[PDB]
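Asks: need coordinates for the following:
(5 chains, ligands or ions: 8)
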Amino acid sequence: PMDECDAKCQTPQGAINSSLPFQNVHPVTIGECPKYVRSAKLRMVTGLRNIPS
Amino acid sequence: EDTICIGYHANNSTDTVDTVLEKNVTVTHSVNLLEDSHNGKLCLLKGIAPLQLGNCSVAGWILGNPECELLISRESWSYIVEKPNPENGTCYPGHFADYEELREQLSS
Amino acid sequence: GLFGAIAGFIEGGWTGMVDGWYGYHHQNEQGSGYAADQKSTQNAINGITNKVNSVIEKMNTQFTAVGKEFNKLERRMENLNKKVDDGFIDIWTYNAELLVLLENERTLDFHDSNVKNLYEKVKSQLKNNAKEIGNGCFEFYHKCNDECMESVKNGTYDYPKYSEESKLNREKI
Amino acid sequence: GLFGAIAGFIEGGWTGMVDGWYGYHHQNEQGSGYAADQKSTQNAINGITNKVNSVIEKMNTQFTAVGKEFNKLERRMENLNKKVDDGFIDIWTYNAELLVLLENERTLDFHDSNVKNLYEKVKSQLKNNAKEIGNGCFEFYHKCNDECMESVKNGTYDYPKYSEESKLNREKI
Amino acid sequence: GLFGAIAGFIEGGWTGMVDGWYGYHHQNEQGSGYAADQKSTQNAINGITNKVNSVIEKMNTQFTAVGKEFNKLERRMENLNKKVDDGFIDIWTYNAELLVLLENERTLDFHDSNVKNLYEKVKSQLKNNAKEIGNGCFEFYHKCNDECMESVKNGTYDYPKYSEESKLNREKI
Ligand SMILES: *[C@@H]1O[C@H](CO)[C@@H](O[C@@H]2O[C@H](CO)[C@@H](O[C@@H]3O[C@H](CO)[C@@H](O)[C@H](O)[C@@H]3O)[C@H](O)[C@H]2NC(C)=O)[C@H](O)[C@H]1NC(C)=O
Ligand SMILES: *[C@@H]1O[C@H](CO)[C@@H](O[C@@H]2O[C@H](CO)[C@@H](O)[C@H](O)[C@H]2NC(C)=O)[C@H](O)[C@H]1NC(C)=O
Ligand SMILES: *[C@@H]1O[C@H](CO)[C@@H](O)[C@H](O)[C@H]1NC(C)=O
Ligand SMILES: *[C@@H]1O[C@H](CO)[C@@H](O)[C@H](O)[C@H]1NC(C)=O
Ligand SMILES: *[C@@H]1O[C@H](CO)[C@@H](O)[C@H](O)[C@H]1NC(C)=O
Ligand SMILES: *[C@@H]1O[C@H](CO)[C@@H](O)[C@H](O)[C@H]1NC(C)=O
Ligand SMILES: *[C@@H]1O[C@H](CO)[C@@H](O)[C@H](O)[C@H]1NC(C)=O
Ligand SMILES: *[C@@H]1O[C@H](CO)[C@@H](O)[C@H](O)[C@H]1NC(C)=O
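Replies: Numbering: from 1, shown residues only, chains lettered A, B, ... in the order given. Ligands and ions are numbered 1, 2, ... in the order given. Below is the structure in question.
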């Protein structure tokens, strides 16, 4: 569907948050966009390991 | 008697990566690079609306099919929307050559 | 514990302290407590800030239009544009996946390094005055107050202060 | 010997032992022999397993058809498809070559790190009881049997055991 | 000072000596001076030579022709060739920028490592004979001439030489 809302990049599965660098979502895009991959997830560590005892 | 020790942070967290030397590796803090999500909407760029064909073809838009609203006020826009299987092709058929080239010219 | 500490000589983490990723634990007569190392912690975190600004920004995202579409007398170009896009897609995918792996590895090593360096800083003062114990800690042959804690954090001890108390309380052992 | 051992303080390798990439050499009254460190060795090798599974698998190899061919009124597309393919080919080539270089560098560093950590583990027990010698080794001021070897491998010494024999046999020196 | 020295336990650099990137400073009765460590310096610099030969050469630069140009009934191919070239351009850009970042990081770490290793070499001789002081330096409980300097550079001390002078001049302290 179509809506009054605003964005900075767009694709059929939805309008897109242009904050972050990448999607794995859908290659077709218009705008100031991320970039596509074939992947599940990508997560940098800010912190480090968690062990209590 | 007294003692001094090192210290560092742990928490309750269980968010994880994959890594060269171990998998589902647990840490305290993380950051997802990815935008895995889509809002399920057709928003518009910037405050500039997109062009909507509704049911129409690009042929039905450009030529003046009366059930394609002409929309002369639409002077420039964010992007073009279609459906995949557009209803209103031409009411009198005919070969429409260089459909590709016109579309690329009307990319923008 | 690449460099020897975390799952190294140190075994496990501590959930008590949350104000910053590093610190000390003070144990003396007034009691016990945890207290974070904001100096090197904040320097490290500035490093991480510079990292992610230098990963995100290194892209340039055009005002892009991805899609094309074609008839069936263009199949040269169809299977091309497939091959093209899938090629590029896989390249960004592969580079980025390796990048997350490597950068996280070096990030763990960055943490490991900072804690080990600090372990050498703490050791650098209290060399003969006070001893290695077990793992993770040092025992004093003398006594230490909150002033001694705060001073020893910021790289100050005054070596002659409890020199002789160490020089004697060693000597039963 | 990036981190100080192999071509570092240690000079050269040993062909005697083959059951695993690390270990100790025991030297006591019953004789001499080599004995491998399966714990950290096996952990490391699990790391390498995870590496190569995480290098091979990160490709996705399609059911692919590479080739095309053209007439001579398509030379736009001929020199294109040349440029395209040669571009991609070179990119995979360059990334992969750097990848083998870097990953092997970090692999040497991974080995270096594990041995150095172990050197600190061995040192962590026997601190005042027994001394650094030369490079690569420690001499005891006491005596050690096969039980002492097997115990000292798995991170157990009982510090008071030969404490006093060390405290005396030091004192001629 | 990733590994503990440079902005680590060491604070700052020295502009006096220029013949080579590392060395020692000798301080004894004849006077003071700086003298460079050509052995490990030259080995390191051979490493850097091998680096840049292994960065430049890994390209292959064809006898290339970049450009094309087209009419306006080819706009498929125009926006293609734009997308193509800009794609490749960005990929080389991104890989190379990361490469300069990472390689320089590992280069600093390479330097850091070599100096720290040398600090352990210097320490490896003079263990009980002479003491850690402050940062960056060691004080002797004995006296050392230019022969002692040149010998101690090349990995030679003769431990029993000033053993007993250390064993006594310690003992006022
Ligand atoms: C715009 O698109 C609409 C939706 O497809 C077109 O209307 C539909 O056109 C089909 C054409 O086959 C109609 O079926 C035909 O109906 C007539 C009887 O009116 C019959 O003679 C044919 O044999 C066939 O069954 C369908 O009923 C019709 N539906 C609706 C709701 O209109 C429309 O013609 C298009 N208009 C233009 C200007 O492009
Ligand atoms: C787009 O096509 C759909 C066909 O599904 C049209 O739907 C019709 O809407 C009218 C009311 O406006 C109904 O009376 C019809 O029964 C609907 N038909 C179907 C099949 O649902 C829709 O109106 C078209 N929209 C435009 C803008 O042309
Ligand atoms: C877009 O993403 C940024 C960062 O993830 C976030 O701060 C913001 O709230 C997001 N907005 C929407 C509408 O998703
Ligand atoms: C862990 O702690 C954080 C902060 O208190 C909280 O947001 C999160 O829900 C907690 N999770 C669980 C499982 O307790
Ligand atoms: C992570 O993977 C290891 C692989 O053996 C497994 O032992 C562990 O349970 C896994 N943890 C989670 C949370 O999936
Ligand atoms: C270091 O700590 C002492 C007390 O612990 C304090 O008096 C002194 O001002 C501190 N110095 C710096 C540079 O923070
Ligand atoms: C360690 O070794 C000793 C003998 O050397 C043995 O008795 C003990 O069970 C071992 N412990 C473990 C945890 O392997
Ligand atoms: C080491 O230095 C000593 C004097 O300082 C010199 O006599 C000796 O030949 C040197 N050895 C080597 C291998 O350079």
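Asks: could you use CA atoms for every contact and neighbour count after this?
Replies: Noted.
Asks: which parts of chain A are strands?
Replies: If DSSP state E is used as the criterion, the strands of chain A fall at A:2-7, A:9-11, A:14-16, A:30-32, A:43-44.
Asks: what about these, which gets the closest to residue C:44?
Replies: strand A:43-44 (15.6 Å; CA to CA).
Asks: what about the residue of chain A found nearest ligand 6, neighbour count?
Replies: Of all residues in chain A, residue A:47 sits closest to ligand 6, at 26.5 Å by CA to the nearest ligand atom. Using other CA atoms under 10 Å in any protein chain shown, residue A:47 has 21 neighbouring residues.
Asks: that one against residue B:30, yeah?
Replies: Yes: with contact defined as CA atoms under 8 Å, residue A:47 reaches residue B:30; the gap is 5.8 Å.
Asks: give me the element residue C:106 is part of.
Replies: helix C:75-125 (DSSP states H and E).
Asks: by contact count, what packs against that helix?
Replies: Packed against helix C:75-125 by the contact rule (3 or more CA pairs under 8 Å, 6 or more residues apart in numbering or on different chains; DSSP states H and E) you find strand A:43-44, strand B:16-19, helix D:75-125, helix E:75-125.
Asks: run the last query once more with 7 Å
Replies: Applying 3 or more CA pairs under 7 Å, 6 or more residues apart in numbering or on different chains; DSSP states H and E, one finds that helix C:75-125 makes contact with no other helix or strand.
Asks: so the helix or strand following that helix, near chain B or not?
Replies: Downstream of helix C:75-125, the first helix or strand assigned by DSSP H and E is strand C:130-133. No: using CA under 7 Å from any CA of the partner chain, strand C:130-133 never reaches chain B; the gap is at least 9.5 Å.
Asks: same question for stretch A:11-26.
Replies: Yes: contact of stretch A:11-26 with chain B (CA under 7 Å from any CA) involves A:13, A:14, A:15, A:16, A:20, A:21, A:22, A:23, A:24, A:25.
Asks: mind checking which of the strands of chain A is nearest residue E:40?
Replies: Comparing those by CA to CA, strand A:43-44 comes nearest, at 36.4 Å.
Asks: what does that closest one contact?
Replies: Defining contact as CA atoms under 7 Å, 6 or more residues apart in numbering or on different chains, one finds that strand A:43-44 is touched by B:17, B:30, B:31, B:32, B:33, C:100, C:104.
Asks: list the contacts of the third one.
Replies: Under the criterion of CA under 7 Å, 6+ apart, the neighbours of residue B:31 are A:43, A:44, A:45, A:46.
Asks: ok, now with 6 Å
Replies: Listed by CA atoms under 6 Å, 6 or more residues apart in numbering or on different chains, the contact partners of residue B:31 are A:43, A:44.
Asks: residue B:81 touches residue B:52, doesn't it?
Replies: Yes: in this structure residue B:81 lies within contact range of residue B:52 using CA atoms under 6 Å: 5.2 Å.
Asks: more neighbours, the two?
Replies: Shown here are residue B:81 and residue B:52; by other CA under 10 Å, residue B:52 has more neighbours (18 against 15).
Asks: next, give phi and psi for that one.
Replies: When read as degrees, to the nearest 10, the backbone of residue B:52 gives phi -120, psi 130.
Asks: residue C:149 too?
Replies: Per degrees, to the nearest 10, the backbone of residue C:149 is at phi -70, psi -50.
Asks: before we move on, what SS does the closest residue to it other than its chain neighbours have?
Replies: In space, and not counting its chain neighbours, residue C:149 is closest to residue C:26: 7.0 Å by CA to CA, 6 or more residues apart in numbering or on different chains. At residue C:26 the chain is in strand, as set by DSSP: H, G, I helix; E, B strand; the rest coil.
Asks: any idea what residue C:26 is bridged to?
Replies: For residue C:26, the beta-bridge partners are residue B:4, residue C:33 (DSSP bridges).
Asks: all helices of chain B, in order?
Replies: B:58-63, B:99-105 (DSSP state H).
Asks: just to check, residue C:166 is in contact with residue C:129?
Replies: Yes: assessed by CA under 6 Å, residue C:166 is found in contact with residue C:129 at 5.1 Å.
Asks: comparing those two, which residue is more hemmed in?
Replies: The residue with more neighbours, out of residue C:166 and residue C:129, is residue C:129; 21 against 18, by other CA under 10 Å.
Asks: wait, what's in contact with the more buried one?
Replies: C:163, C:166.
Asks: kindly recompute the last result at 8 Å.
Replies: C:140, C:141, C:159, C:162, C:163, C:166, C:167 (CA atoms under 8 Å, 6 or more residues apart in numbering or on different chains).
Asks: pull out the buried members of those.
Replies: In terms of neighbour count (16 or more other CA atoms under 10 Å in any protein chain shown), the buried residues within those are C:140, C:141, C:162, C:163, C:166, C:167.
Asks: and the residue of chain C closest to ligand 6?
Replies: residue C:151 (3.0 Å).
Asks: helix, strand, or coil at that residue?
Replies: Quick answer, by three-state DSSP: residue C:151 is helix.
Asks: for it, give its distance to residue D:124.
Replies: 28 Å (CA to CA, to the nearest Å).
Asks: just give me the neighbour total for residue C:160.
Replies: Counted with other CA under 10 Å, residue C:160 comes out at 9.
Asks: which SSE is it in?
Replies: Using DSSP H and E, no helix or strand contains residue C:160.
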